[PDB]
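Shown here is one chain on its own, the form deposited in one PDB entry, set out as structure tokens.
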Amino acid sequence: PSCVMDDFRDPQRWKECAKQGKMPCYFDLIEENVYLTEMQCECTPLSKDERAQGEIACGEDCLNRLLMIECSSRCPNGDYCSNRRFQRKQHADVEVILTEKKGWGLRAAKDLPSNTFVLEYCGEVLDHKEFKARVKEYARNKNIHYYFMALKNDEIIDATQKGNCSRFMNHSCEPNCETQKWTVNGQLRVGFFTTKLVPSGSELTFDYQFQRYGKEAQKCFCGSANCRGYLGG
């Protein structure tokens, strides 16, 4: 069984689909981080002609891009700016699929070039105390899957109760994706980016080590030749 990201925007169809196992269990779908406890680059504006020809606005040499800072609405290239991906939700084409042993996962629905933005990892942002309170509550609940992603000092993103389809990305010891932390309006965010060409139909994975927390070690079913046997601890 598989589904498209848009299926998750229809609550009643989702809830019926999940009742039949055609979709993952319900979560609260969100498109920006929620905090539980509450500048222009120097790129030359491209001409209309340069845009027509396919030239890229705020590409590899953009001073903002070079520091993993996204441009604002005030970018010299305005609408043309290609360095506003988190903000404009310029996601890769991906599907949510049921795996054999890992629960649900994500797979490329088209060929994805190397270094393609996949999705932002959204959820509830927690401080250390809230995080520890959540770990104990989830253990008490006998939860199987964990969704704690390190963001910064004293900031953890928890996608357990609220998030988007990024929360379905499974671990691999030999992954095809990586996290990258990007500054958007002075605020840090976390997103997934391919590290190689990902052929259509392949599962999208990243290495959880040092960035995902899980209270119990879980046996790894990644299947790589170099599998380390476990994720979390």
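The term rigid core refers to the maximal set of C-alpha atoms that superpose within 1.5 Å between the two forms. Shifts are known only where both forms have a C-alpha. When you see a residue number, it is the position in the sequence shown, counting from 1.
The same protein also has a form solved in complex with a partner chain, omitted here; what follows describes it.
Engineer: For residue 180, is any heavy atom within 4.5 Å of the partner chain in the entry with it bound, or not?
Structural biologist: Yes.
Engineer: I'd like to check something about residue 224: if you look in the entry with it bound, is any of its heavy atoms closer than or equal to 4.5 Å to a heavy atom of the partner chain?
Structural biologist: So residue 224 does not count as contacting the partner chain.
Engineer: Is there a heavy atom of residue 14 no more than 4.5 Å from a heavy atom of the partner chain in the entry with it bound?
Structural biologist: Looking in the entry with it bound, residue contacts with the partner chain do not include residue 14, since no heavy atom lies within 4.5 Å.
Engineer: Given that the partner chain is not shown alongside this chain, does residue 119 nevertheless sit within 4.5 Å of it in the entry with it bound, heavy atom to heavy atom?
Structural biologist: No - in the entry with it bound, heavy atoms of residue 119 and the partner chain never come within 4.5 Å of each other.
Engineer: Give me the residue from 99, 73, 143, 161 that has a heavy atom within 4.5 Å of the partner chain in the entry with it bound.
Structural biologist: Looking at the other structure, the residue within range turns out to be 143.
Engineer: Candidate spot 5, 87 and 133, all three in 4.5 Å heavy atom range of the partner chain in the entry with it bound?
Structural biologist: Not a single listed residue reaches the partner chain in the entry with it bound, so no.
Engineer: Quick one: which of 78 to 86, 122 to 130, 105 to 113, 144 to 152 gets within 4.5 Å of the partner chain in the entry with it bound, going by heavy atoms?
Structural biologist: Among the candidates, contact is made by 144 to 152.
Engineer: Taking 2 Å as the cut-off, check whether the CA of residue 22 shifts that much or more between this form and the one not shown after a rigid core fit.
Structural biologist: No: residue 22 shifts by under 2 Å between this form and the one not shown.
Engineer: Once you line up the core, how about residue 9: does its CA shift reach 2 Å between this form and the one not shown?
Structural biologist: No; that C-alpha moves by less than 2 Å between this form and the one not shown.
Engineer: Is the C-alpha displacement of residue 215 equal to or greater than 2 Å between this form and the one not shown once the rigid core has been superposed?
Structural biologist: It does, since the residue 215 C-alpha is displaced 2 Å or more between this form and the one not shown after the core fit.
Engineer: Relative to what's shown here, the Cα pair residue 215 and residue 193 differs by 3 Å or more in the entry with it bound. Does it come closer or drift farther?
Structural biologist: Note: Cα gap between residue 215 and residue 193 widens in the entry with it bound.
Engineer: Have a look at residue 210 and residue 104: in the entry with it bound, are their Cα atoms closer together or farther apart than in this form, given the change is 3 Å or more?
Structural biologist: Closer, not farther.
Engineer: Return the sequence-ordered list of stretches, each of 3 or more consecutive shared residues, in which all C-alpha shifts are 2 angstroms or more between this form and the one not shown following rigid core superposition.
Structural biologist: 210 to 216 is the lone stretch that moves between this form and the one not shown.
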